[PDB]
Every structure is written in structure tokens, then in C-alpha cells.
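**Student:**
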Amino acid sequence: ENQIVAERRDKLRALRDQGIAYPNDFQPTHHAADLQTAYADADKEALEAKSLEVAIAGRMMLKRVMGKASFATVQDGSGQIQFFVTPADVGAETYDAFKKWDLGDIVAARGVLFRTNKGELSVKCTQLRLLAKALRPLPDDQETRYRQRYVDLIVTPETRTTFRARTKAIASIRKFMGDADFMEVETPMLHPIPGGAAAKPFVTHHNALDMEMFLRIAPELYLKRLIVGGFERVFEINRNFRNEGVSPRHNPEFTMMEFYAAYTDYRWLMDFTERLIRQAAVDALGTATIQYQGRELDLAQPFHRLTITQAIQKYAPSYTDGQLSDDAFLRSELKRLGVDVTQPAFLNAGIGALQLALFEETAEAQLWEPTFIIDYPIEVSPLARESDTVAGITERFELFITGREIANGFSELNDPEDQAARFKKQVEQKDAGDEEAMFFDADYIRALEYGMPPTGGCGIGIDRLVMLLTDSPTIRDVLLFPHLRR
Amino acid sequence: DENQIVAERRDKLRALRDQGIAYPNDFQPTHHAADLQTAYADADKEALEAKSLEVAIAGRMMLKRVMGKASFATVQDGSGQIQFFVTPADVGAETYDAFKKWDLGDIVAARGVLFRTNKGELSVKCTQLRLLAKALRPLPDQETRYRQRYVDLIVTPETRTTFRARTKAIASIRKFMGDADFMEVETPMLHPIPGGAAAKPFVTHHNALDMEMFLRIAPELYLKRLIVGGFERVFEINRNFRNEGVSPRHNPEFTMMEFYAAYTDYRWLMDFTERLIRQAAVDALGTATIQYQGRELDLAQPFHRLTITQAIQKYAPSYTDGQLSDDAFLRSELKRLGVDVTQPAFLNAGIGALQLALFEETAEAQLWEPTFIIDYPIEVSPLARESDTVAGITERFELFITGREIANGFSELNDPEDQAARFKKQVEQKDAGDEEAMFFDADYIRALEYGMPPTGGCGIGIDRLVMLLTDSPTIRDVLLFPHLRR
Ligand SMILES: N[C@@H](CCCC[NH3+])C(=O)O
Ligand SMILES: N[C@@H](CCCC[NH3+])C(=O)O
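If you're matching them up, the sequences are chains A and B in order. Those letters in the first sequence? Residues 15 to 154, 161 to 506, per the entry's author numbering, in order. Those letters in the second sequence? Residues 14 to 153, 161 to 506, per the entry's author numbering, in order.
1) So residue 248 of chain B packs on residue 472 of chain B, CB below 8 angstroms; how close in whole Å?
2) At a CB-CB cut-off below 7 angstroms, which residues of chain B make contact with residue 68 of chain A?
3) Are residue 36 of chain A and residue 171 of chain B close, meaning C-beta to C-beta below 9 angstroms?
4) Can you check which of these residues, A/409, A/314 and A/186, is closest to residue 496 of chain A by C-alpha distance?
5) Residue 87 of chain B and residue 96 of chain B look like a contact to me (Cβ under 8 angstroms); what is the Cβ gap, rounded to whole Å?
6) For the beta strand (DSSP E) that residue 78 of chain A lies in, which residues bound it at each end?
7) Answer with yes or no whether the minimum CB distance from residue 19 of chain B to chain A is below 9 angstroms.
8) Beta carbon of residue 233 of chain B, beta carbon of residue 259 of chain B: below 9 angstroms?
9) How far does the beta strand (DSSP E) with residue 397 of chain B in it reach, from first residue to last?
10) Output yes if chain B places a C-beta closer than 9 angstroms to the C-beta of residue 273 of chain A; else output no.
11) Need the endpoints of the alpha helix (DSSP H) that residue 256 of chain B sits in, please.
12) Can you say whether residue 147 of chain A is buried or exposed, counting buried as having 16 or more other CB atoms within 10 angstroms of its CB?
13) Given that residue 89 of chain A touches chain B, what residues does it touch there, using C-beta distances under 9 angstroms?
14) Check each candidate in B/112, B/195 and B/210 and name the one with the smallest Cα separation from residue 203 of chain B.
15) At the level of alpha carbons, what is the spacing between residue 142 of chain A and residue 112 of chain A?
16) If you measure between the beta carbons of residue 375 of chain A and residue 344 of chain A, is that distance less than 9 angstroms?
17) Pick from B/229, B/225 and B/208: whose alpha carbon is nearest that of residue 245 of chain B?
18) In whole angstroms, what separates the C-alpha of residue 446 of chain B from that of residue 365 of chain B?
19) Check whether the Cβ atoms of residue 390 of chain A and residue 316 of chain A lie closer than 9 angstroms to each other.
20) Determine whether the beta carbon atoms of residue 308 of chain B and residue 318 of chain B lie at a separation below 9 angstroms.
21) Going by the C-beta, is residue 197 of chain B closer than 8 angstroms to any heavy atom of ligand 2?
22) To which residues of the same chain is residue 57 of chain B closer than 8 angstroms at the C-beta, ignoring the five residues directly before and after it?
23) Which same chain residues, not among the five before or five after residue 436 of chain B, have their C-beta less than 7 angstroms away from its C-beta?
24) Between residue 478 of chain B and ligand 4, is there a pair consisting of the residue's CB and a ligand heavy atom that are separated by less than 8 angstroms?
25) Please list, in chain order, the chain B residues whose beta carbon lies closer than 8 angstroms to that of residue 229 of chain A.
26) Chain B partners of residue 209 of chain A, CB-CB under 7 angstroms?
27) The alpha helix (DSSP H) with residue 16 of chain B in it runs from where to where?
28) Can you tell me where the alpha helix (DSSP H) holding residue 182 of chain A begins and where it ends?
29) In or out: residue 414 of chain B buried (at least 16 other Cβ within 10 Å) or exposed?
30) Name the chain B residues whose beta carbon is nearer than 8 angstroms to that of residue 295 of chain A?
31) Listed from N- to C-terminal order along the chain, which residues in the segment 110 to 144 of chain B have their beta-carbon within a distance smaller than 7 angstroms of any beta-carbon of chain A?
32) Just to check, is the beta-carbon of residue 323 of chain A closer than 8 angstroms to a non-hydrogen atom of ligand 2?
33) In angstroms, rounded to a whole number, what distance separates the CA positions of residue 348 of chain B and residue 382 of chain B?
34) Can you tell me which of A/50, A/299, A/485 and A/23 puts its alpha carbon nearest to the alpha carbon of residue 114 of chain A?
35) Go ahead and label residue 377 of chain B buried or exposed: buried means 16 or more other beta carbons lie within 10 angstroms of its beta carbon, across all protein chains shown.
36) Is there a C-beta anywhere in chain A that falls below 9 angstroms from the one on residue 38 of chain B?
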């Protein structure tokens, strides 16, 4: 390993004594992938007539030297093609230098396209150059993929494909939002008071002003300020930050899309979110009837819509109606399953919150088929409009697919006095030790007091959506550079 | 006094809650003011009475004209303004009486027939009229625009126009990049080692991992890892963070676009950046011959391309060639202009850096017409490829328009040994007190040691570009929520 690097470093030393070691004048004219497509059906004779001159640059992935003739496989950004090399065509000095290059080196050739006797498409090199020496060899392990994504990208074509699909899916989501009349906006990543979500923040400090500032846990409160300001339809796709546990399923920064539509409510949001996701599949995979991790996932069907208790009953039928309505039962049953209900997060827990907690331990992970869970207790929905007909319930949903939260939304709380009250109740929890409880945001209350129209809002987890569209088993597989441990 | 008004409005809200749902969310508008104004600009009183078009509108009540038998309100939705004509005959006495006590600012809604008033205005003959949300604070100095952008957005149509244009411009830039085959990517905003720029970082901490992290000053080093990985054309549009003073011309977070193209160099980058900017103007304004702050700005002309000393001579013709190549002259001349060259940023200053510093104090702010400044000293260009023909010079540019930096780019340093050396020289400066000097990044060097193809990279200041395109005088005028200033 070190001896290999040293040997390659010594070649680089010699290379510098005889010219420009890292030249930047070569201009490729074609892409391997495009040649493989456009000339799949052409044969030795067809190609000899066309006599197409090409110029390719990329990473040398294989090399075979056999006396007066040598073959290499070169990989550019698009794919692979062979270089065929003889001193007759490339000249003796280049041929000799070529033989001493290494797997990994960035190389470049001009030459005529042709087909080898074994059937492969290849370049009869008439010019051949080394553009950049690979000092470290390519490997020929489970975490290296993430610590050295650049290696994973060279060596695993599937990885390149996943990330091209991420990019296309996000463009497709933008198009969908734009067609539905939403204005894409940029709100701050630095907040003087974090909010818009239940999460532990990252804190930093502005030196000139001697001021604590928080990386955003969510843009929600800023996006609703825009609604007050009179933009009826806004959305934002960007990072949130959450300072919590690390795992294969957790990264400290992740991409959310939030959107807000004045004069809508949660029923509208659910229909709209459902349509968006289904179209996201059709765009990415040609169909909404797909598979994820070896199991059928039919996004073409209408999404299920269930209450919290409906969902517990569907997947944990042993629970009776009377049991799910009994405070004392719910507490002992939650204690049994490892939920400490004495924790400050539960300071304002009523019967609804206990049910929700039971749903999380029993049913949630089993929501394979797309399922909206509907009507959430007020005590855990501090930003959500209260029902007009049932006290203590909010017009809120969460969407689960494959057992993971993909979206969450609600009729927005536009009543400033209600909002102030619910903030004070969060501060109680926070004072009692609940680190995911919200801070009182006076500037936000002030904004609402200018008068905010009734509005519907939703956040979609772009990283999790992309997992489904690319059959990626963890969030780390859809992030170019996941954060890792030391 | 603003207080008595709030209190009075708060008391109306109290009465409102005793008689129904204060913040209803069931009203569904069917039309937009702007669309009605366009579609029926050409129609008259009789036309409209025949058509008899039933509409439903919701928005903010901006003016109210009251007479004995009737009332007119000017209501503003997301699209524009339309009049509501209100009589108790048609809306009912009880509603008419309530209406008289509603306030400028309230969010209101009507159904009714479209018609034209004798004074020529398009209006709704209301048959239903509702209050959707009480404005508790009344609608209405130079900094309030920024602390309360939501107020500025309601009251100033120019502000709305600027931000719609920002959004459109960014979509136009994404399209330009996509058409040129660049793949949009997302790299981390939390870096374990900050780099890619000369700036003071914001520092934070991940608690679960007990790990110091930095908010990114630039994504550059992560984008070049993707080039090692084999993506040929990548770009990213997102926030950087710099922990320094807030001014009218500075915000601690701002939007950059960086792009990288394998097998290109700085000449290519300059042509590409020039085309991008000119097309951005055509897209936004219909022409590249535009105006900024009352002065002609002709982006249609080819951009000037000057060396650092050429530019000093163009604006200060006193300076001779020998003066600008004399160390002792440059120092005394810099001392005269108030520049401290003893500062650690200048620890590795040679003649080039001194020239650059003189250019900053004499010519830079006068670069009104788009001007590329070209060929930068190595000691201030730690990430830029060195010239093949002139030692100590890098293939680097900065683009200035209206005296402000709009872009900066270079042929990328893909030589890992050169890069390691230049990093060690940065660490010297940093150890001697230069807080903008770079840290040594070993992981980045390791990536380059796998072999990176020659590449060209550039960063464009989106916020500053958008200023030019929208004729905004400061960066704060193109950010929805600028950071606090004192
Ligand atoms: N802010 C929410 C998404 C939007 C909820 C509706 N206002 C989140 O972080 O999940
Ligand atoms: N990282 C640079 C932009 C790209 C320079 C070329 N690699 C900046 O922050 O200005």
C-alpha cells in the first residue's frame, strides 16, 4: 500500500523532470456511453468505412500488455470504452511510456473507432497521453463507501446512477411545484430563535455582534411570514439541521421541501401530496407500481387514510376499544414497551398523546402501503389549526410509506393568541427538560398579528422520497457525503 | 397609540370569538384579481351584466370608501387588486353592520357578480362577505423593511416584483447550467474542516459525536471530490456562511453557485461565465444593454480582460511599469493609502500580492464595466493551477461589474504535492494570526492522490448577480430576511 504509493510517487518525480506532469490542454470530443449507444449495431466493416475519429479522456480501469500490442479500458463520466495501443500507431516512445502507466491514471487518446475480433468497441489510438498520475491505487469495506464516496463513484456504477436519479427527481419535483403555481424561495439558515419543528438545534455564534444563532431546524415560521406578506404559494427545498443521534438512518443535515398554499386545508394538502409523490414515481421509474427492497410498493392505488386509533387496531388487533380508551392501561402498556411517560416531553400528554405514543411503538413501522395518519392531539401539534368540531384535535397528518415518515402537514394555525398560548405551553416543557420543545418566538407572533390568511402547509422528506425512487436501503445511500464518526 | 389601536382591534377579535369561528378555513376562492383585470379589461357595463360572471375572491382589505347607501373596498390578493361593492340589500343588514367595523389590514372574502362601476373600475357586487382573519396590528423606517419584510411585502409592490424576479432569475440560471450538461448536486453544509475560501467560519458542535463542526465557507473541496469520482460537470447553488461584520453590503449567509467542468481551463471558464451573465440579463430584462442605479451598464459588449497591473494603470495612469514592479515603491505606496502590510495575511506576500493589494485600494471599485482581472499571484491563490510558462502566477480570474466581485474562477490545482505545499504555507499564515488562512485538509489531499483530471471551476455570487438584474442597491434588498444589524 505505502510501497505502491511510493513507487507511483517516484514515477511522478521522473514525469516532472521530462515535462508538464499535470497538463490541462486536452479536450475530449466524445463520450464513451454515447459511442456505445450510437454504434452498438455497427460491425468491423461498417466502422472501417465510417472511420470515425474520436477523442476520449478518463480513468484507466484495466490494462493488458502483450508485446507489440496492448489493450486498456478507460472510464469517463458516461461509461467505458477500450483503447487499443500499438507502437506503429502511437509511436515507440509513447508506447514505452504507456506500458509504465498505472490502473487509476487519468489518460487520454485520439484515434479511430473500431470493433475488435472479440466484439468490443474500441479506439485505435494514434495519440495517447497521461493527464494525471494516480498515486493511490484503486481497490479490487462497508463504511469506505461513505468516507470515500469518490472511490465508490469510480468503482461502483450503480452509485453514479443513484445520484443522477436524485438530481432528476428533484428537478421533477420543482417542475411539479412550478406547474401548480408555487414560487420557490430562499429563507435563512441562521435563526435567532430556532423553531418550526420538534428537534435539538445546532448553535453557533456571530462574533462581531456577540450573538448566539441557530442553524435552522425548519424554515416553517419564515415561510408563513411570506404568506402574511401576501405570497399565496411558496415552497423551499433545502437543508435542515438536527443535533441528535448518528445512525445509518440519521444524518445531521437532510433536505426537506416545505410548501404553503393560502386558502387551503389539510384535506387539500393530502390530495396534493399524494398526487405529487405518485407523479414523482411515474417520472423517475415510468410507473407508480414499483418495488422497494424486494417487496411490491403500489403507489398507483389510492393512499390509505386512517386515524391514529384506526391504525393501531389494524396492525395490533389484540388491543380492545376499552383498553385504548383507558389512561391507566395506556400508561402501563407504554411503560412495558419502554416508553417513559414521566419524561418532560409528556408533561402535557392527554389520552390522544398516549395513543400516538402507542401507535409509534406498535403500528408505525408496519405502514408499508402509503398511509396518511390523520387528526393529531393538540398537545403535540403546536403549529397546527384546531378542529372546529372536536376539541383537542388538530387538522394534521403524517404520511408513511415503507414504515417511514415521508411527509407531514396541516391546516396552519393563523390565530396569534392561540399560537402564543401554545408556545407558552412548549416553554413549560422546555423549562422541565424537553430539549425538543419549542422556544417562544415573539417576532413570529408579531407577524401573525398583522393578519394571516388561512393556509395549508406540508413538508416532504426529499431524501426519503429519493430512497424509494432509487431503491436505496438507507438515507446514507442518497447523500453524496454523509456525516460520519471518527 | 399604536397600542390603543392594537387593543381596540384585540377587543373586536374577542367579540368575534363569542359569535362564531374567528379564523375560518373553509372559504375557497375561485379567481384571482389580476386574471379578472386582464381577461375583462376590454369589457363594459352591459357586456358584464350579460356574462353575469360569478366570482369568489379573498385577500387583504387595503382601502375602504364609505357612503350613506353603499361601501367600496379595495381588496388585494396574491395577484393584484379588485374592488368589492357592498350594499346591505345584497349582503344583508347584519353583515353590512359588521363590515363597517372591520379594519384596513383584515383578510376578507366575497362572492358576487363581476361588474364595472361608473368610474370605470372592475368590481364584485358582493352577495356574500366574510371576515377570514382579523388584522390586530395596523398597516403603516429605513430598516423596518428588513425586520418586517412581511410588512414591506404587503405595502410595497416594488418589493414583490424584486423577489419574483429573483426566483425567475435563479430558475433561468439552473436552466442555463442544465442545458450545458451540468448536474446539480448537494454537498454538506457542515464541514469537519472548513475550506475552499479565505474567510472566518462559524463554529458549532455535534453533541452525540462530541465533534466540532464548521458551517461551510464554500463547497469547493467537496465538489472537486466529485470530479475525482468521475462526474465531469457538477454545480451547486446554496448558502455559504462567513463569520464577519454585518453592513449594507454584507450578510453572514449568502447564495453562491459553484460549478466544475473536467477538461476545461480558465479561458473556457471566462467565456462560459461571460455568456452565462449576458444571457441572465437578456432573460431577466429582455436585453444585455441595461441600467444600474441610474447609469448605463452594457453587458452586450465583450467583457474587458486585464492583468492586475493593466487595471491599476487604466484607472491611475500615473503609475509606471517600473514602479508597479518595485517592492519598496509598492510598500510605501500601500503605507500611504492606509494598508497594513505587516498583517499576517501578507506573511507570504511577494511583488504580485502587493500589486493585488494596490489594485484593491485604487482600481477595483472603479470597474464599472464588466472586467475580468487575470493571472493572480500564487501566494494568494492556494487552490489555483500554476501557469506552465510564468512561475508564481496562477490561471485565475475575478470578474467585477459595477465595482463588485460577481465571479471568480480558475484552472483547478489537481497536483496533490503542490496542494499539500500550499496548504502548509496557509497554516503558517494562520499560525501567525491570519484568521482567513486555510486549514490543512488531509482528506482532501487523499482524494487528489487518487488522480483528479484537469478541471476548471468557478463561483458566481448569485445575490450580487440578482442585484444587477433587479436594480437593487444593496445585497439586503435581494434577501427576503436579512440578518439583524445594529
Ligand atoms: N416544519 C415541518 C414541515 C411543515 C409542517 C406544516 N407547517 C417539519 O419540519 O416537518
Ligand atoms: N470557492 C470559491 C469559488 C470557486 C473557485 C474555483 N475553484 C469561492 O468561494 O469564491
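C-beta atoms are modelled at their ideal positions from N, C-alpha and C, and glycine is treated no differently.
**Tutor:** The short version:
1) 5 angstroms
2) Here the premise fails: no neighbours, minimum Cβ distance about 14 angstroms.
3) no
4) A/186
5) 6 angstroms
6) 67 to 80
7) yes
8) no
9) 391 to 397
10) yes
11) From DSSP, residue 256 of chain B is part of no alpha helix (DSSP H) but of the beta strand (DSSP E) over 253 to 261.
12) buried
13) 250
14) B/195
15) 8 angstroms
16) yes
17) B/208
18) 9 angstroms
19) no
20) yes
21) no
22) 129
23) 465, 468 and 469
24) Ligands displayed in this structure: ligand 1 and ligand 2; ligand 4 is not among them.
25) 266, 504 and 506
26) 259 and 273
27) 15 to 31
28) 177 to 199
29) buried
30) Within chain B, no residue comes near residue 295 of chain A; the closest Cβ sits about 18 angstroms away, beyond 8 angstroms.
31) 118, 119 and 120
32) no
33) 18 angstroms
34) A/23
35) buried
36) yes
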